[PDB]
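Enquirer: Fold the following, please.
(chains A, B, C, D and E)
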Amino acid sequence: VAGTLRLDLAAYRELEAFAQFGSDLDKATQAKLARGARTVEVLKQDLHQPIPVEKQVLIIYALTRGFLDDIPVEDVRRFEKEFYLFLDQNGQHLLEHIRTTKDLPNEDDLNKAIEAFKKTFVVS
Amino acid sequence: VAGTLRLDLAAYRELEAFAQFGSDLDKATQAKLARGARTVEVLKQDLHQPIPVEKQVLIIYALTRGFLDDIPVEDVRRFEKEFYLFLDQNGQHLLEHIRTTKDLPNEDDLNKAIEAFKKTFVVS
Amino acid sequence: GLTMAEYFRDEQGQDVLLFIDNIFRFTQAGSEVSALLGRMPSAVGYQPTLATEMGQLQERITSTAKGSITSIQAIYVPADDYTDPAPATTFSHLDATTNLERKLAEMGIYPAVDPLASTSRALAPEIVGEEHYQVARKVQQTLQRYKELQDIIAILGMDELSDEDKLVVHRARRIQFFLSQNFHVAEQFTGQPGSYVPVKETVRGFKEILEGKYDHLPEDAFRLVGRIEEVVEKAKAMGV
Amino acid sequence: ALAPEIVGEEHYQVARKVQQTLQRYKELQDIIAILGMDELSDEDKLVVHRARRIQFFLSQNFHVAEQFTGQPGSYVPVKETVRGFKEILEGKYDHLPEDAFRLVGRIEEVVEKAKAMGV
Amino acid sequence: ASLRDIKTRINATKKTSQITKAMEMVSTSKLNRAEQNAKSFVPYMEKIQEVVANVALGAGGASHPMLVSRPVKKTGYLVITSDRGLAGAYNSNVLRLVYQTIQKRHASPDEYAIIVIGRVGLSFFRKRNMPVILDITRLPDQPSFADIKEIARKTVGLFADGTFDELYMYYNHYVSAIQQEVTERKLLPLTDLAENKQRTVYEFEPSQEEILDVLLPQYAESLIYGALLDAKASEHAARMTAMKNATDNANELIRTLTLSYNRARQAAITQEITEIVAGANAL
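Expert: Numbers count the residues shown, from 1 in each chain, chains lettered A, B, ... in the order given. Please see the structure below:
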């Protein structure tokens, strides 16, 4: 996931320098800006609260596959918190698979889990 | 012959408004850009091959008196190289007078030589 | 290292390659030695004898009748400052240069060589050949033209640009992504096996693309590819 | 001492938000100076509009300053300060003039000044 | 700060000044070409307004010139704004006037419907809840009659088809090369204008309900070269003046920053010399 995360950050960092002149330049720049903003919101955490590697990789995968592209940029933090709670409560099989084999679960089950969480997530 | 050359190069590039090229604005500036481009092309030189002062005078005079207004930029260099060879065979009296008196030859012969060479020249 | 290479040159009459890890550290050690010995610091604290020590190292790496020694030297540039005395004094001795860029490294383009800053004195029509020189000149011109248009696009949409410059952009994307390659030692980083490309293959592949033979192919098929045929192979693998 | 455990969640949030808006106002200053307030997006318009009033409200009238001015000083409790800054960040006072906020104490004094002068 | 920070800021200011100057030089030609385009339609407009002013005595033989209409069926608003920013107040002033007028006069949402030219206005009316229709996002730099002929036709048809009570219009008037004025205009129904000498209906077919039923839609559609050309002229002038101001401000920043650079580098030199010499002195 980190390989795609790097490019997603770099595109936004390149576009940010010209925001003063050209806005709504094209669909490509609009999508790049939205993805970069959600990336920045994801890469933000408070003091003395460490995160296990499996939860880190799950949230990064969820961001980089586009499941957050329909969430307002102001609510990504609360999305991450509620997603962590949901993963602890129900997706224990995926977490155990990651922790045991150092590899991602099958993308059908992971898509199912993310969709199931999104079906119950409430947006404000 | 140096004043017209200096002024033309100035108009071409010192007025850096002829350098950004965000649009056409070619009504008034087209002639200045054309002769400036021709000036820059004729001012180029190969590795070594220093050319004598009388031939320099001939080529600069031909540039300044509008004789290159119809020669394409891609062929300006080959025009010059053929012009020197034509001079070696036909403008010996012009070169001799320039060498002896440090002055320009009579405008009659000076114009006639270029007029003949232009007809002899092949556009492409 | 230099004397070990000079033995192979002078005695056995071979041809030798020197690979120097970093010259910036050589200059740093020189300045530290001078400061310890007690000499007054020169500009920005370097040793007074920087030029002489550098010349003494770099003069012995030359070719003579019995053999030749070529050397490839990696230089570190502190904080992107090319006016620092160490790079500024190593610039005098070199025959070719190569600027590597963080910006190109981030975009996934290895070996991240800046195609515009990189210069050499072997790029002459009489040395490498007329066709090679023409191709390289056209590549450089198209890349620089693309660079200029990018900031115009950044304030005025590409839908405003003229058709020919849009063609230039289209071809410049292909050229920029074709300059990248996969390496042998890149297996430990990616798993993709490397490649070796001859100079004739390079010049012909760049004569095409520029000619327009691969405009319909997508840009993502050109990255880290090797020979031109592999671009078509990847495009076929993607159905395009 | 600026931690949510010591000062409290509301105080911590309000202080961090004020710092964020002031940083954004600092960031926008160069383009404001070069090509004017005109090109700011509607988001930056609101950012600057809030930030200037916040910066002015940070000023205060001191008791020792009365030997330099005619205004007697003020002592402002922390709860009142938090309430006032939260209200400014909330958008209540978006219509008052900027100079109404200078050298006062509680946020009520701002409205009293905006009633003494103009409306 | 450091020489690094000072020189970085100076370089950024330099690049921005280059961009602004280039934009200005682009805009000058656009202003001149817009003026010489606006010069073209003037005789055609004079001819059509001469004919309509001749027939304007009317004697009531017309529909839409009938002044009154269904009370507050829908108020027509036509606003012309740029499709691209960097113009200063060119879009903001017009949109401000529009919002003031609608909120003070036709406050309820159903009392009105607004027509926009240029994507800035539609972005505005989608940012805030307003009933936008017939939006167009792209226009040529030097337009002609046929470019938005259909848009003009439909704007006319919404009042010709009884779906409006009346129609207003808002746009910047190119008062001068650097001075421009926002314009109020009651567009439909039509009102009086200046006079022309011809009064006799010498053309052979003179029926009012035959000449008018067809002349009036086209005279109303004349709004394209009536308004949009001067709107483009005002947009180009606003861009030119704004870029002038931006360049001046950038050069002032450059002079101030160089004035700081001088003291910075001077202190740096003094530090270098002092640090060397004080170490040399004691040993």
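
Enquirer: Look up which helix or strand residue A:10 falls in, please.
Expert: helix A:2-15 (DSSP states H and E).

Enquirer: let me redo that: residue E:113
Expert: Judged by DSSP H and E, residue E:113 forms part of strand E:112-117.

Enquirer: returning to that earlier point: is any part of the helix holding residue A:10 close to chain D?
Expert: No: residues of helix A:2-15 contacting chain D under C-beta under 8 Å from any C-beta of the partner chain: none, with a closest distance of 14.7 Å. C-beta: built from backbone N, CA, C; applies to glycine.

Enquirer: and the helix or strand just after that helix, how far from the chain's centre?
Expert: Next helix or strand after helix A:2-15 toward the C-terminus (DSSP H and E): helix A:27-42. Put simply, helix A:27-42 sits 11 Å off its chain's centre (C-alpha atoms, centre = their mean, to the nearest Å).

Enquirer: And for helix A:27-42, what's in contact with it?
Expert: Helix A:27-42 is contacted by residues A:5, A:8-9, A:11-13, A:15-16, A:24, A:59-60, A:63, A:68-69, A:71, A:73, A:76-77, A:80 when judged by C-beta atoms under 8 Å, 6 or more residues apart in numbering or on different chains.

Enquirer: Moving C-terminal from that helix, which element do we reach first?
Expert: Next in sequence after helix A:27-42, counting helices and strands by DSSP H and E, comes helix A:53-64.

Enquirer: now the angle between helix A:2-15 and that next one, please.
Expert: Calculated by axes from the mean of the first three to the mean of the last three C-alpha atoms, to 10 degrees, helix A:53-64 forms an angle of 50 degrees with helix A:2-15.

Enquirer: Who are the packing partners of helix A:53-64?
Expert: The contact analysis (3 or more C-beta pairs under 8 Å, 6 or more residues apart in numbering or on different chains; DSSP states H and E) places helix A:53-64 against helix A:2-15, helix A:27-42, helix A:76-89, helix A:92-101, helix A:107-120.

Enquirer: now with 6 Å?
Expert: helix A:92-101 (3 or more C-beta pairs under 6 Å, 6 or more residues apart in numbering or on different chains; DSSP states H and E).

Enquirer: Which elements pack onto the helix it packs on?
Expert: Helix A:92-101 packs on helix A:53-64, going by 3+ C-beta pairs under 6 Å, 6+ apart.

Enquirer: In the helix it packs on, which residues are buried?
Expert: Under the neighbour-count criterion of 16 or more other C-beta atoms under 10 Å in any protein chain shown, helix A:53-64 has A:54-55, A:57-64 buried.

Enquirer: Dump that helix to CSV, restricted to CA.
Expert: What follows is helix A:53-64 as a C-alpha-only set of coordinates in CSV (Å, rounded to 0.1, in the frame of the first residue of the first chain):
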residue,chain,number,x,y,z
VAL,A,53,0.6,-2.4,12.2
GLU,A,54,-2.4,-4.5,11.1
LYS,A,55,-4.8,-1.6,11.8
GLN,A,56,-2.4,0.8,10.1
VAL,A,57,-2.3,-1.3,6.9
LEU,A,58,-6.0,-1.8,6.9
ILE,A,59,-6.8,1.9,7.2
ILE,A,60,-4.2,2.8,4.5
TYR,A,61,-5.6,0.1,2.2
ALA,A,62,-9.2,1.5,2.7
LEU,A,63,-8.0,5.0,1.9
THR,A,64,-5.9,4.1,-1.1
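
Enquirer: Outside of that helix itself, list whatever touches it.
Expert: By C-beta atoms under 6 Å, 6 or more residues apart in numbering or on different chains, the surrounding residues in contact with helix A:53-64 are A:1, A:4-5, A:42, A:80, A:84, A:95, A:98-99, A:114.

Enquirer: one more time with 7 Å, if that's ok
Expert: A:1, A:4-5, A:8, A:38-39, A:42, A:68, A:80, A:83-84, A:87, A:95, A:98-99, A:104, A:114 (C-beta atoms under 7 Å, 6 or more residues apart in numbering or on different chains).

Enquirer: which residues sit in contact with residue A:67?
Expert: Per C-beta under 7 Å, 6+ apart, neighbours of residue A:67: A:114, A:118.

Enquirer: and it, that's in a helix?
Expert: No: using DSSP: H, G, I helix; E, B strand; the rest coil, the assignment for residue A:67 is coil, not a helix.

Enquirer: so how far is residue A:56 from it?
Expert: 16 Å (C-beta to C-beta, to the nearest Å).

Enquirer: and the angle for the lengthiest helix in chain C with helix A:2-15?
Expert: Counting residues, the longest helix found in chain C (DSSP state H) is helix C:130-155. Angle, helix C:130-155 to helix A:2-15, by the same axes, to 10 degrees: 70 degrees.

Enquirer: is helix C:130-155 anywhere near chain A?
Expert: Yes: part of helix C:130-155 sits near chain A under the criterion C-beta under 7 Å from any C-beta of the partner chain, namely C:154-155.

Enquirer: which helices and strands sit right next to that helix?
Expert: The contact analysis (3 or more C-beta pairs under 7 Å, 6 or more residues apart in numbering or on different chains; DSSP states H and E) places helix C:130-155 against helix C:163-178, helix C:199-210.

Enquirer: Now the element after the shortest one, going C-ward?
Expert: Beyond helix C:199-210 on the C-terminal side, the first helix or strand identified by DSSP H and E is helix C:228-237.

Enquirer: again, but for the longest one
Expert: For helix C:163-178, the succeeding helix or strand toward the C-terminus, using DSSP H and E, is helix C:187-190.

Enquirer: Can you point out the buried residues in that next one?
Expert: Under the neighbour-count criterion of 16+ other C-beta under 10 Å, helix C:187-190 has nothing buried.

Enquirer: now that helix, how far from the chain's geometric center?
Expert: 21 Å.
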